[PDB]
């Protein structure tokens, strides 16, 4: 796949994903993308959806395909495991869910990204993810649990 | 060990070392360290005692330890060879004594850094090195033999 | 106006040489944090207390 990291003071604190048409980078992290083809892109602020400008050149457009509605509870892959739930994400166990991780795509079995992880460090017995999601008819929402500290 | 060099338009002309709690850099060279974590640090200038600022955090700190007291004239290791001298520096043969070898640490048998070279290109059959060290009670002094060019 | 120029120049010069004396107090001893520190050079001549 393709997900270039964001580095502030040398170390890695976040990752920026590229969806088809627009590159999505969280703004609760700060730093600079190490790609010279991506650092020249203008930064456009938004709400906590964390938009950025889709000034991707025509040579390498459409990196990943997003996934619309009709989403089963199913089994969905994840960079450090798997999440099996639709309304929120699966309460993944401890260990996974550290720091410097927010920005990972959550893909289906076909490789279609359905979410972008932002928060939910610790949620009791198992940590619950705070992701952005597309609703029942394709509008982007933000889903959070109560008392979820960001990354 | 960890001793990152100093870059200036591609060619190597200086070396920067990391001690327990601080970083060092000689003043006879100009250039930028290629490490991004070692480039944002406020390196403050000083006198011949060579005070710099180790503002990097703990998680990579103390790659090597500075030498304690009770210094014999016995065996000391070196990047190009070995040295056996405490009051002065040993008459190493040719090969070492070129250009851009400033800042290379001088270590003991137990991997502990004793001195940091700054000069002494070629003094005939016997080559001396102008280094810094701690004299008797840990006070950091600078030793320069006669006719020591900046090397 | 000439008298306040002397009291301003000599004030910022005497504390300039004192700041050089304050700076040279430390760089013998900040270079080796493992070395012990005398009690005369800690608070009387210089400012730095015992740390770490």
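Shown for chain A, in order and in Swiss-Prot numbering: 111-261.
Header says: electron microscopy, 4.8 Å.
Heads up, the Cβ atoms here are built off N, Cα and C, so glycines get one too.
Residues annotated as active site, charge relay system in Swiss-Prot: A:138 (among others). Other Cβ atoms within 10 Å of the Cβ of residue A:138 (active site, charge relay system), summed over all protein chains shown, number 14.
Non-local neighbourhood of residue A:160 (active site, charge relay system): A:134, A:135, A:136, A:137, A:138, A:228, A:242, each in the same chain, at least six residues away, with C-beta under 8 Å from its C-beta. Residues or ranges marked as active site, charge relay system by Swiss-Prot on the basis of sequence analysis: A:160 (among others).
Cβ neighbour count for residue A:212 (active site, charge relay system): 23 (other Cβ atoms within 10 Å of its Cβ, all protein chains included). Per Swiss-Prot, active site, charge relay system is recorded for A:212 (among others).
Residues or ranges marked as domain 'Peptidase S3' in Swiss-Prot: A:112-261.
Counting every protein chain shown, the Cβ of residue A:113 (phosphothreonine) has 14 other Cβ atoms within 10 Å. Among the features that Swiss-Prot reports, phosphothreonine is placed at A:113.
For A:186 (among others), the entry in Swiss-Prot reads site 'Involved in dimerization of the capsid protein', with the evidence type similarity to another entry. The number of other Cβ atoms within 10 Å of the Cβ belonging to residue A:186 (site 'Involved in dimerization of the capsid protein'), over all protein chains shown, comes to 22.
Summarising the annotation, Swiss-Prot assigns site 'Involved in dimerization of the capsid protein' to A:219 (among others). Packing around residue A:219 (site 'Involved in dimerization of the capsid protein') is summarised by its Cβ count: 9 other Cβ atoms lie within 10 angstroms of its Cβ, all protein chains included.
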Cα-to-Cα gap, residue A:219 (site 'Involved in dimerization of the capsid protein') vs residue A:113 (phosphothreonine), nearest whole Å: 18
Separation of alpha carbons, residue A:212 (active site, charge relay system) and residue A:113 (phosphothreonine) (Å): 12
